Structure formats: C-alpha cells, structure tokens
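Next up: a single chain in structure tokens, the form deposited without the partner chain.
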C-alpha cells in the first residue's frame, strides 16, 4: 500500500532537523539519493513498510512519523513537527527512562502522548526543556503514570 504524500514532507523536515543530506540519509536507509528526493517531493509513493526504514535512518521510531501524520490529518499541520526540537529533547529522556527504569517500562501507556504531557507540564512551570536533566524528568514521568 501507499501513504499520504505528506509523509515526504515530514521526512524532509526531520531530515533537515537531523542535519542530514539526502546522500547521508541514503547511506542510512539504502534508498538511492534520487529516490529520497522523489519521496520528499511526492514523485514516488512511500510504502507502508518503508517508513520503518526511514525511521531507523533518522534515528526515530516510526510511530513518531505516524503520530505526526495523524495531526496533519486532523488540523492541516502538525504542532509537534513545528516544535520538534522540544519534542526531540524531551523524547531523549523518555526513551532513556523507558529502557532503564522498570517502573516506567511496565507503567507507561503511550510514549508519544507521555512526551507531549511532559512538555505541557514544563510549559505550565515556565521551564525550558534545555534546562532539565534526567532525574527531574523521571520524577515528572512517575507522577503522570501514578
């Protein structure tokens, strides 16, 4: 099957955020450089099973792409994509907590929703995501999962 064309835009936006050229993303997915260009522009369709390959190449689990797409479908843009730098920084701590803390591993529900909820808590507290550390995130994460 084929996906919405907007996955190409999502990949192009994320590729740029990751500071990867099309050539580097090719040497990270096995898609030719020209094929990456064609996916991004909508000249070729992206496979359902191809997003998995892109996620690995971008260093991102595929659900994040799927979650971003669902926002486009509802709102006509993605607030998460538009603020991805903050999402990525919070996600780094969420990912660490999930893979290193048994209480989080076995109590987490939806890691995407939890990353968004943690960002909302920081915004309420007027805290910059660049100023936090893992210990602090883990305290907030345990609280949202309580």
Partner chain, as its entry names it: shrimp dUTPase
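Positions refer to the first chain, counted from 1.
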Between the two ranges 18 to 26 and 124 to 132, the one averaging a larger CA B factor in the entry: 124 to 132
Of 43 to 51 and 91 to 99, the stretch whose C-alpha atoms average the higher B-factor in the entry: 43 to 51
Chain third (lowest, middle, highest) by recorded CA B-factor, residue given as residue 113: middle
Assigned third (lowest, middle, highest) for the C-alpha B factor of residue 62: highest
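This protein has a second form, the form deposited with the partner chain bound, left out of what is shown; the following refers to that one.
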Contact of residue 38 with the partner chain in the deposited complex (heavy atom, 4.5 Å): no
Contact flag, residue 119 vs the partner chain in the deposited complex, heavy atom cut 4.5 Å: no
Non-hydrogen atom contact residue 110 with the partner chain in the deposited complex at 4.5 angstroms: yes
Contact of residue 42 with the partner chain in the deposited complex (heavy atom, 4.5 Å): no
Rigid block check between this form and the one not shown (residue 93, residue 54): no
